[PDB]
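Overview (structure and organization)
If you want the building blocks of each chain, they are given just below.
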Amino acid sequence: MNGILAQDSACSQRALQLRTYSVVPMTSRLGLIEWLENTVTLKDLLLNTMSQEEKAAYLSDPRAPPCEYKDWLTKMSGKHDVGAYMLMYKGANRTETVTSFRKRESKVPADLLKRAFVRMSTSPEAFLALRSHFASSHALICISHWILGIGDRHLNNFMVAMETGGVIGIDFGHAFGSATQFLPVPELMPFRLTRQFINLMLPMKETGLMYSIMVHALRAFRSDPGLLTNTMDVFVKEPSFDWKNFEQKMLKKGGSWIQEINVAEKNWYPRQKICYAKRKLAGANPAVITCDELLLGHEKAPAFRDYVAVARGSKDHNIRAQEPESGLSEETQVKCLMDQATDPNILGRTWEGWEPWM
Ligand SMILES: Nc1ncnc2c1ncn2[C@@H]1O[C@H](COP(=O)(O)OP(=O)(O)OP(=O)(O)O)[C@@H](O)[C@H]1O
Ligand SMILES: [Mg+2]
């Protein structure tokens, strides 16, 4: 990807790149990841910014978002486990989620990331430059991850450097829609773009820099689907990337999976992955791809209709259903992506470990 983007002129004038750290399995059990200097998780940067009372309430308060959300799931479903999400997709409409979800979001400190930056920078150049750098990098990674369908983008999978504002993606345990496909609680966003990101740009919403870069990137890729498509097809056809390797990762997710039941092993459909990748690179609607992945993964679930109704949206508030299912341009695709990733109806139904409120 960095090869392509180095060769796209409109991106090269923006010096755009992902960072990679070299990775070396020496054995099927064992390997090294190269480490990175003066880096933290995004979660740690955030909670390092909360005052004692902000921090202390946020840990445990029955009205802090972590308690208030499980309580809302609990009353909107009557259960206290993974099935509470399932039942709430049947049980809560838009209004019932939006209301609690706005009340929830309100309790998150609005400035927090900005507050972090302004007190890790000398002077306003050391503010502006970092904000630009972060913003560029966050956008660039988001589009990239949608192309690869990477789904498990919670706060601990993003690292922020100190020596520059360039964000770094890690923990790629879910290639090609695997999280939206096989988890009991499906995660429906194309990438993370929650409140704090927008708030960092508060006067000057995403339709500036992020939107611009996202658009340049997607065009630069779509200039040459061939090489990237061939590489992804070689990826998805590896004999070590079957379902047996995958489900023996899915165990290792802290009870968020279907715990010790229903592997349903004729579950693996490798050509559909590269087919959906080619559809994305051809100009397909992101909501249609999400609905297709939902149909492939959860077809017999009692909330499949509600799943696709939430993922597709309504023609009244979200512009991803007011567009065709294919032939979209790069700008329309990025608009649909930003509408789906910031949809409150989708964020109000997300798994609690993803932390959609922050
Ligand atoms: N390449 C890296 N360079 C520097 N620090 C890293 C790197 N990879 C991981 N870390 C740090 O080590 C921690 C744990 O690493 P790892 O990715 O194995 O955790 P994990 O199983 O994904 O846990 P979690 O999802 O809870 O963050 C990360 O949260 C991060 O702080
Ligand atoms: Mg992780």
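Before reading on, note that the structure itself is shown above.
So, here is what we can say about the structure in this document.

1. Some thoughts on the state of the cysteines
Counted under the stated rule, the structure contains zero disulfides. The structure places no disulfide on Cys275, whose sulfur is separated from the nearest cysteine sulfur, that of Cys291, by 15 Å. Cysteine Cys291 is unpaired, with the sulfur of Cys336 as its nearest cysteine sulfur at 12 Å. Judged by relative accessible area, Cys291 falls into the buried class, the value being 7%.

2. Here we look at the coordination of the magnesium ion (ligand 2)
Around the magnesium ion (ligand 2), the protein contributes the donor atoms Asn157 (OD1) and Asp171 (OD), at 2.1 Å from the metal centre. Linking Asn157 in the loop between helix 9 (124–148) and strand 4 (158–161) with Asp171 in the loop between strand 5 (167–169) and helix 10 (178–182), this pair joins segments that are 14 residues apart in sequence.

3. Quick notes on the pairing of strand 4
Burial along strand 4 is two-sided: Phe158 and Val160 and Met159 and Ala161, pointing in opposite directions, are all buried. The pairing of strand 3 (residues 39–41) with strand 4 spans three bridges and is antiparallel. Within strand 4, the residue paired with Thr39 across the bridge is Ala161. Here strand 4 folds back onto strand 5 in antiparallel fashion, the turn holding five residues.

4. Overview of the site of ligand 1
Taken together, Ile33, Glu34, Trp35, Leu36, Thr41, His154, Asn156, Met159, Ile170 and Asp171 make up the full set of residues near ligand 1. Take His154: an N or O atom from its side chain is 3.3 Å from an oxygen atom of ligand 1. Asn156 has a polar side-chain atom sitting 3.2 Å from an oxygen atom of ligand 1. Starting from 600 Å² of accessible surface for ligand 1 in isolation, the protein chains cover 55%. Residue composition of the shell around ligand 1, grouped by class: five nonpolar, three polar and two charged.

5. A look at the side chain of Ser100
Checked against the element boundaries, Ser100 lands in helix 7 (residues 94–106). Contact partners of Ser100, with chain neighbours within four places excluded, come to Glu68 and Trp72.

6. A closer look at the layout of surface pockets
Empty space among the atoms becomes visible once a probe the size of a water molecule is rolled across them. In this structure, the second largest pocket occupies an estimated 540 Å³ of space. Residue lining of the second largest pocket: 24 residues in total, with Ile258, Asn262, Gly297, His298 and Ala301 positioned closest to the centre. For the lining of the second largest pocket, the elements supplying multiple residues, two or more each, are helix 6 (83–91), helix 10 and helix 16 (286–297). Split by residue class, the lining of the second largest pocket holds 15 nonpolar, six polar and three charged.

7. What to know about the pattern of salt bridges
Tallied over the full model, the rule gives 12 salt bridges. When the shortest N-O distance is used, the salt bridge between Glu54 and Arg115 registers 2.8 Å. Of this pair, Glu54 sits in helix 4 (residues 52–60) while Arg115 sits in helix 8 (residues 112–118), placing them 61 residues apart in sequence. According to the relative accessible area criterion, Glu54 is partly exposed, its value standing at 22%. Accessibility expressed as a relative area gives 17% for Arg115, which makes it buried. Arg104 serves as the salt-bridge partner of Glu68, at 2.7 Å between the closest nitrogen and oxygen. Of this pair, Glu68 sits in helix 5 (residues 65–77) while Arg104 sits in helix 7; the two residues are 36 residues apart in sequence, bridging distant segments of the chain. A relative accessible area of 7% places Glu68 in the buried class. Salt bridges here are not isolated pairs; linked through shared partners, they connect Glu54, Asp111 and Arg115.

8. What to know about the side chain of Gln196
Topologically, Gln196 is positioned in helix 11 (residues 195–200). You can call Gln196 buried: its relative accessible area is 3%. Among the polar contacts made by the side chain of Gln196, one reaches the main-chain carbonyl oxygen of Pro109 at a distance of 2.9 Å. Apart from the residues within four sequence positions on either side, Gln196 is in contact with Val108, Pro109, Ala110, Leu112, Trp357 and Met358.

The rules behind each value
- Residues numbered from 1 in each chain as written, not as in the entry; some residues may be left out.
- Chains lettered and ligands numbered in written order.
- Part of a larger assembly, values for the part shown.
- Heavy atoms only, no water.
- Residues with missing side-chain atoms left out of burial classes, pairs and counts.
- Disulfide = S-S within 2.5 Å.
- Buried < 20%, exposed > 50% of the residue type's maximum accessible area, 1.4 Å probe, protein only.
- Donors = N, O, S within 2.8 Å, 3.2 Å for Na, K, Ca; no water.
- Helix = DSSP H or I, 4+ residues; strand = E, 2+ residues; numbered from the N terminus.
- Pairing = 2+ DSSP bridges.
- Near = heavy atom within 4 Å.
- Polar contact = N/O pair within 3.5 Å; in protein donor to acceptor, adjacent residues only side chain to side chain.
- Areas by Shrake-Rupley, 256 points an atom, 1.4 Å probe, with all protein chains shown as cover.
- Nonpolar A, V, L, I, M, F, W, Y, C, P; charged D, E, K, R; others polar.
- Contact = heavy atoms within 4.5 Å.
- 1 Å grid on protein atoms, 1.4 Å probe; cavity = no way out; pocket = protein on both sides within 12 Å on 5 of 7 lines; lining within 4 Å.
- Points joined across faces, edges and corners; volume = space filled by probe spheres on them.
- Salt bridge = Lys/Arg side-chain N within 4 Å of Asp/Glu carboxyl O.

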